[PDB]
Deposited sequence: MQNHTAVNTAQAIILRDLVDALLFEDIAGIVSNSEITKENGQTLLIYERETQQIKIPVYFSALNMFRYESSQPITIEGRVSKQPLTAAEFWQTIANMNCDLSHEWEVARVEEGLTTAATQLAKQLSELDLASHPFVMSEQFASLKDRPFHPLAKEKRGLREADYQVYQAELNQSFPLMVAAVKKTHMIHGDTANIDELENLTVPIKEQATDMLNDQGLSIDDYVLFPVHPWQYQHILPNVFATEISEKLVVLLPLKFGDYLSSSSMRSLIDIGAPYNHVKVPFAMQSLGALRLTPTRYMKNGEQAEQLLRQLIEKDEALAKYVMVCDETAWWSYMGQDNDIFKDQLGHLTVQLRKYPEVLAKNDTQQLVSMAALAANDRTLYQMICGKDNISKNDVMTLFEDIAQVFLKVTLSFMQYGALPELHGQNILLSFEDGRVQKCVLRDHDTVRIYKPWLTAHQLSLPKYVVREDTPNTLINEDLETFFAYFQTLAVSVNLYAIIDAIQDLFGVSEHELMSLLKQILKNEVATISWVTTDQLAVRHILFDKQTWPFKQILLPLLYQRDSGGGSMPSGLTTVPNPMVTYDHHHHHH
């Protein structure tokens, strides 16, 4: 057992837990503590019931307190000289708030923190970096996962053997499996060519044909769907119990191909075609939510991808930098009722993601997800810069370049009333000679829209399949809500996680990196032709307003038996 990897992994889950508690002010850890200073070190004194915690803190570039992770936390009465685990600190906080703990899921958060530390230790210990740079960058994005989130590495439903095979970090390949779906009971994308799906499963077509013939069924009546081996074993026999009885779905115990997981365990990589990914259902619980893409989201992603391509034609900045993944080739089960809203449909789908050909025929450019750059590891920075000897001025110049192209592209989209979900996992940067050449968008199912701006530019609204006269996350009814998903995902999570990584790796101040980010944002907002009636509101929300919205990730996990939530935190752009 690698004891260095266990201690390193335990310290990462503790740091993410304490920071996540401080950002959301869980049990008044900030608001009901006193700021003091013992021997040049700022401390939160959290006193409650009869216990006391001393947290070493520093005022971060988000204008909130963060855990000074170099210094140890002091719990009054704890005589143990060993490092604090995240599970122990959580248990201490829960026992200090007996009134609150009642209505929280204390038991499984404690278990999830233990799992997160165990599985991350495994992945640090047995990290096997792939030879292909894009596959390798996806391993680092998977290793880091959702930043400032202590339960990110917990994958509920996965047994210990499932972690070993499906986690991208360990570099183990696995086959796909087959389910015959009757042609009468399925739909597909408007421009989805069946030839491409047939090409996927063609090696086992003859074996599948024989298996159906030993059952009184004909392959001419069915379409062969790839199924994830976990989805195949644990989910499909139950969710399609009646459909399997009626011979509408047939689970063929076939195995074909050789697939690695990406940053997502749903989007799979064939090493023979590493820019042609296969997305399949994997009904497990990541970040407290059941990882399930409903069939209507793929129909929405088709309408969204269509809008994104119109803005790339229209805008000068988007034409230069932005490319998008083709996700139009998708197939899904469809019950005889023709109710696309049914949750069942999401468990039996297949979606082909074609990355731009320009990249796949360029072996010199390195495709790196912005999630991968948040990983506390030199590998990707040394590859991009082209040297081990990375100076302070090198990485600052590199961050300025990433922040300039990202914030220009993001705000250039937003002026028209369109906002892709731009956390680190959905956007990739094409690096060449240490500079950002291109941005590559993927997962287009959550492109948010502001109708008044789309109407002002005379753009057709995406024909989103949504519940009739009911509010949803896709259509934002005011500018505060529209800019919230930029302020949270793009700046406070994505860009700040890259700042957090660069500080850990190269010792550059996060304050100097935030000043660099702040100035780029001011330059972009000033030079974009906003709808003139709303220009003052854009400036107010970002720069002048005393609060920013913050996406809640811990408090939902305490409430779930998955609630959505924004709360107010201080404006990082404000100096006060």
**Missing C-alpha runs, given along the deposited sequence, first residue counted as 1** = 1, 563-568, 584-590
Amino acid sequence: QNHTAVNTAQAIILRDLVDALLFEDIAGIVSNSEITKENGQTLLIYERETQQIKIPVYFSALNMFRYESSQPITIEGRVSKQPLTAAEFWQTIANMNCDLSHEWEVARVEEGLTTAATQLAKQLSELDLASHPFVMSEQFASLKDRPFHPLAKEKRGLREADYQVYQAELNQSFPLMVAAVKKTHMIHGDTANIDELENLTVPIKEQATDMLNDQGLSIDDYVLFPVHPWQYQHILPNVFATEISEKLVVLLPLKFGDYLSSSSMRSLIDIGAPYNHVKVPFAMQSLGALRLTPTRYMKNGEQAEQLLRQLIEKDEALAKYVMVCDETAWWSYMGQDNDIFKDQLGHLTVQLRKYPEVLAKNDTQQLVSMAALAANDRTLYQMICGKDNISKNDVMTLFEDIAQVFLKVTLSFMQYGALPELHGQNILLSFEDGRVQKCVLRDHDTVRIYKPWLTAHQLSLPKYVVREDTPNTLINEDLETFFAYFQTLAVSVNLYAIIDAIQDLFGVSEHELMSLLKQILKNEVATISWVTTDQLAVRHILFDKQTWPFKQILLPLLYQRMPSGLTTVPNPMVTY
From here on, numbers count along this sequence of modelled residues.
**Complete:** Ranked by mean Cα B-factor in the entry, 210-218 and 122-130, top stretch is 210-218
**Given 164-172 and 287-295, the range whose Cα B-factors average higher in the PDB entry** = 287-295
**Prompt:** Going by the deposited entry, which of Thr397, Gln503, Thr115, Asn362 has the highest CA temperature factor?
**Reply:** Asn362
**Asked** At the C-alpha atoms, which of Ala372, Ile427, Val405, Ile187 reaches the highest B-factor in this entry?
**Response** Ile187
**Fill in**
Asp534: CA temperature factor from the record, placed by chain third, in the middle
**Asked** For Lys37, does the deposited CA B-factor place it in the lowest, middle or highest third of the chain?
**Response** highest
**Complete:** Of the three thirds of Cα B-factor ranks in this chain, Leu521 occupies the lowest
**Fill in**
For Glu510, the third of its chain by CA B-factor is the lowest
**Complete:** Quick tally, chain-level thirds of C-alpha B-factors: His234 sits in the middle
